[PDB]
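What follows is one chain in structure tokens, specifically the form deposited in one PDB entry.
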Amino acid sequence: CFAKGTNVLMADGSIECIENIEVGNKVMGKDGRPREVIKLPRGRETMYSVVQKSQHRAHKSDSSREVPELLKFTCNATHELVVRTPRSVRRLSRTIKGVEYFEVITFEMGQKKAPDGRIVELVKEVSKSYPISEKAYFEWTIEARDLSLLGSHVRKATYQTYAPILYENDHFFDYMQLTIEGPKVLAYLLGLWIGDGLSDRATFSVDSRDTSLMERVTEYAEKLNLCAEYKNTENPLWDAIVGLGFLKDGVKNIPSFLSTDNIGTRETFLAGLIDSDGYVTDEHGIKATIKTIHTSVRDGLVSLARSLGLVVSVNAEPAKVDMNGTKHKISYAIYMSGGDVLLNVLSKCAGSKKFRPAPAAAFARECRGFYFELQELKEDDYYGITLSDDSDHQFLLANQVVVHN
């Protein structure tokens, strides 16, 4: 069902290639609970490239300059994609009536004759009022080779989903360098460093006019004992930047463990990063925007925000120019949205035009949808794993895409 090299998420929040897994290994399910591998099937056939539909980039190459699509996988022709399509009616409700012929256009389940000879069940767009076998959406499944039978509309309207990482490790807190009264300020000061810090030491660049942030920095430092050194020594903040991985080979980095660790710590780190070089808007829905010239931070942030269940998109931009020179070429804009998922992160920020009050009531981190495009590929060796017949039959790939057995 999957090409050689597909990374899947393991139930303990660990990552492994589709091929290095065996029965007994437990993958990560939708709920943050473990699945059970009870078989490992193989074969060869047409394979398809599934990738999220996006407005730009991605030319074939080995340099991580161009912004990449991380919501992508290669499965086999008979792979069953778990998809959703909206219910939809037009020019009439269920069934209203006027005079002299007019049309009712609807989306409903029917059976279409596959060119191969198979009689597949799928969503069809239907003319005037006709019954014959027809919640705000359809929850269903389709084999890769079958997307092509879909009508233009039904097809553009269909999407896959990704689930949030509701599971939690503790790699952060086991790294003392207690719980209540603590982790908040370091996770905060770490995101603050990746945003404004000096690569060689614990020195950020808090904006003067931002009295509210200067207040935070000084307040927080005090809680972690230090103070004023930033506005390389046995300095437990610099030791964590290094120890916890915030420097991907002499380059600023957002460590993978951040995606399966404590939720609160994920949200606090993001707040510090937004406080440093992000900015929030409310025009058409609450949204935060972090900027970075680092490719490692850019990709680690995308998976960090999606682990929380936020909606993410990335765009390439031009950098700076001092007197028309200084610093060049490109930087990146990462856009995040999600309502109360986002309100829960912004309610930890210090910046005055950044802070937003916390959600009104409790909230749920839903799976988010995404439109994709398929590429019919050549014959190849497939892998795949079988979850127990009594489970939901689903699990999450390393990128969080919800896949079916």
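Rigid core (definition): largest C-alpha set, two forms, superposition within 1.5 Å. Residues carry their position along the shown sequence, with the first being 1.
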Task: Deposited residues lacking coordinates between residue 177 and residue 178 (none, 1 to 3, 4 to 9, 10 or more) - done: 4 to 9
Task: residue 135 preceded by how many uncoordinated deposited residues after residue 134 - done: 10 or more
Open item on the list: Quick check: 164-172 versus 285-293, which has the larger average CA B-factor in the record?
Closed with: 164-172
Open item on the list: Tell me which stretch, 65-73 or 341-349, has the higher mean Cα B-factor listed in the entry.
Closed with: 65-73
Task: Member of 330, 240, 104, 304 with the greatest C-alpha B factor (per the PDB record) - done: 330
- [ ] Can you pull the Cα B-factors for 181, 139, 80, 261 from the entry and say which is highest?
- [x] 181
Task: Cα B factor band for residue 216 (lowest, middle or highest third within the chain) - done: highest
Task: CA B-factor placement of residue 394, once the chain's modelled residues are sorted into thirds - done: lowest
- [ ] Relative to the other modelled residues of the same chain, rank the CA B-factor of residue 143 and answer lowest, middle or highest third.
- [x] lowest
Task: residue 360 - Cα temperature factor, lowest/middle/highest third of chain - done: middle
TODO: Can you work out whether the C-alpha temperature factor of residue 277 puts it in the lowest, middle or highest third of the chain?
DONE: middle
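The form deposited in another entry is left out here; the points below concern that form.
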- [ ] Can you spot, among 210, 277, 299, 143, the one with a CA shift of 2 Å or more between the shown form and the other one after core superposition?
- [x] 210
Open item on the list: If I superpose the two forms on their rigid core, does the C-alpha of residue 129 end up displaced by 2 Å or more between the shown form and the other one?
Closed with: yes
Task: Rigid core superposed: residue 226 CA moves 2 Å or more between the shown form and the other one - done: yes
- [ ] Since the C-alpha distance between residue 271 and residue 209 changes by 3 Å or more in the other entry, give its direction relative to the shown form: closer or farther.
- [x] closer
